[PDB]
Amino acid sequence: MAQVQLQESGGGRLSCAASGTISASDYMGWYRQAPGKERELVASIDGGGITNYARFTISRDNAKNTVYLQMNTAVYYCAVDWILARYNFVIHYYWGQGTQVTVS
Amino acid sequence: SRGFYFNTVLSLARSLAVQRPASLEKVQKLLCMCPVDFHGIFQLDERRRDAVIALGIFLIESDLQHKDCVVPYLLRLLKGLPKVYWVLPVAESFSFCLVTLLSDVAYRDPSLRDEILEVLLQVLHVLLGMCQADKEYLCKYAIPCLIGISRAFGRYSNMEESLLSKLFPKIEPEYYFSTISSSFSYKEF
Amino acid sequence: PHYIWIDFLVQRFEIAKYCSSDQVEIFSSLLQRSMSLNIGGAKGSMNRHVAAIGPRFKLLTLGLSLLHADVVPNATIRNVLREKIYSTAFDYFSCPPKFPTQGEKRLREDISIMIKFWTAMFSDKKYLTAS
Amino acid sequence: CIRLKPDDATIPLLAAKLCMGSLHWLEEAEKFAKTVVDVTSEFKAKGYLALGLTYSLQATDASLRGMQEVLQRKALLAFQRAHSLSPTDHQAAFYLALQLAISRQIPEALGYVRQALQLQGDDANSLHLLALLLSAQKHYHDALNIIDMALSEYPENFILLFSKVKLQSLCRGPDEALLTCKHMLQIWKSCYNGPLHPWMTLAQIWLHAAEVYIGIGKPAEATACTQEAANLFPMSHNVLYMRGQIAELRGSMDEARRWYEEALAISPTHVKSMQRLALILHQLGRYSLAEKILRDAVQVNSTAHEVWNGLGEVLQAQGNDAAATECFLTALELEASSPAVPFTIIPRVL
């Protein structure tokens, strides 16, 4: 019954939080979408700790099912994705709305 | 040709509304069917809009029973409207239906008028801050919402059946969803 | 009791042949759901003992009488019903012959029922219009 | 040979496999499975798997309510015991997921089939089951992509093509379904130039074309297609049902009842025909036969939301408002877990 919703905050330490329970096997990823550019997979992480990048440090809290990002102009998207990729497949199970970040 | 889920939920709401008093567990189930708030941000789809419309028509028929539990959630719905994200547009029609439901329920019970009007003022004043002030979203959604909410300001019907009940029969309504600024047409609030 | 229940059903069918038009459907469904075309080793939905030939042929006669009453308008229900009737009639003769075990009574009426069923079978020349 | 030397387990396993095959016997398979399980560790796991498959097949061909649930529980217990005894075989996990999906318990079956895919992901049946399960969760694009990849891997199958046609008709539009149907006809023509399988496949193709035509409002084309299809099998129940449906769509509400009665007279276990007949009879005015028909339908099967909705609607006019409300609630809660096609289409063969 419980729908899984994803809230993102920090645009303008990014935070992405879900009110439901997500299995550690599922991947969680950060995507970027800029005006005039296509969708691009920026970062990904599993429950095992291995993180894939294409600078930023990420942390996953299983107790509250939250993700924090520490950094040093586009819409960032938090997605729950499945790999199942013996031959390089990928599916976006949950896709968020993203938040706009502007850099001067 | 509404479909099956919409038709069956409308039939269920009609069947339950005539049962007075209505058992509270069923109302809790219906509220569970309706969406919930999470950090002041809302997402909506076809099924949720159908569910809220069915809840509204059932509330209209239900003789305003259990108002105190359901209506504050409608206050939260209307006040949180500007920051709702989405998957003639569909936004203005939903806003029109919600404002029509609000006008109907306000006419039904005078005791809720002022506060309703008050929150109206609130959201209305918020609208001003949007007009004179992010840009693609505003032009895509907010202005149609402003048109829809202005299209059905306070028009009501001093008749046995509600205007929204006439909008959705139990088998003209399609004419409203194809026009530009069409509307309808003793208490003197 | 199955020897009396069929008699009650026959009486009710005779009463309701003219007046009603929906009980005929009930009787047709009841007769259709009690028979099967699986003539073979040990699957016929009815016992094959000698002491159980009365009700079997009585029900067969009732089915034939229903068919002859000219109530079903459709031309395909009769075909299936007749096929099932023939199958369940043939099914009885797939066992080695034996002899009855009941007394002198309860035997005369069995012969009467068999003779009546044979007479009904002989008068079934209503063909050439099954289309 | 079993009588001669009761030492090995391969012989009774082969006997059970033959019994469970096209010969379609069940008791002998049960006896062989029990004999196997009576006597390393792999053989008893295979015996448990065979016993569970036999129980599932027996449950499929039941006639009443309770024994169906009893046999489903027995099959689930056998499957979980077999999985516990050996965790390194994908077939057992796949069959466990398939059996669990019958009880509408979606998340657990999804997890089990995910584990089975993890063990091995090249199984066509596994991908088909994954797409079918995603269909029940109302995610049409993902299932469409899964079926597309499966078609890419196996460009000459048939069942996957039917699933793709149904999903396209439900999601994209009629033109894609027409293109897929004509491509399927071309493939069938190329593959061939005895067995009844090609004839049944052609009949199913024509029936699907008739159905995709009847969904747009062109009764003439559907009538022509079904008349052409009926040349092969003039006494099938499907053609009678389709003729009844096109007569219903035409507007004349007398011959449709006759067609539905004729179709029901051939296959008493059909579900759609009796529901349509009850719906037609409801608006006529009679409220005596419809309730009996709906009760018989709910006795035969209790996994269709349409029959519950019809029963509630017809009972609303009788007086029992609470019963109608609970029937509506049951139908609504059952509709939430309704797949595009029944799960039984996937074959269950050792």
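Numbering starts at 1 and runs along the chain as it is shown here.
In case you wondered, yes, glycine gets a Cβ from its N, Cα and C as well.
Taken verbatim from Swiss-Prot:
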- D:54-89: repeat 'TPR 5' (REPEAT)
- D:91-123: repeat 'TPR 6' (REPEAT)
- D:124-157: repeat 'TPR 7' (REPEAT)
- D:203-236: repeat 'TPR 8' (REPEAT)
- D:237-270: repeat 'TPR 9' (REPEAT)
- D:272-304: repeat 'TPR 10' (REPEAT)
- D:305-338: repeat 'TPR 11' (REPEAT)
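Across the repeat 'TPR 7' (D:124-157), the DSSP tally of helix, strand and coil residues reads 27 helix, 0 strand, 7 coil.
In terms of DSSP secondary structure, the repeat 'TPR 6' (D:91-123) contains 26 helix, 0 strand, 7 coil. Within the chain, the repeat 'TPR 10' (D:272-304) has long-range Cβ neighbours (under 8 A, six or more residues past its boundaries) at 63-65, 237, 241, 244-245, 248, 253, 256-257, 260-261, 263-264, 310-311, 313-315, 317-318, 334. Assigned with DSSP, the residues of the repeat 'TPR 10' (D:272-304) fall into helix, strand and coil as follows: 25 helix, 0 strand, 8 coil. Packing against the repeat 'TPR 8' (D:203-236) from elsewhere in the chain are residues 162, 165, 169, 174, 177-178, 181, 184-185, 188, 242-243, 245-246, 249-250, 266: each is 6 or more residues past its ends and has a CB under 8 Å from a CB in it. Outside the repeat 'TPR 9' (D:237-270) by six or more residues, the chain places 203, 207, 210-211, 214, 217, 219, 222-223, 226, 229-230, 276-277, 280-281, 300 with a CB less than 8 A from a CB of the stretch.
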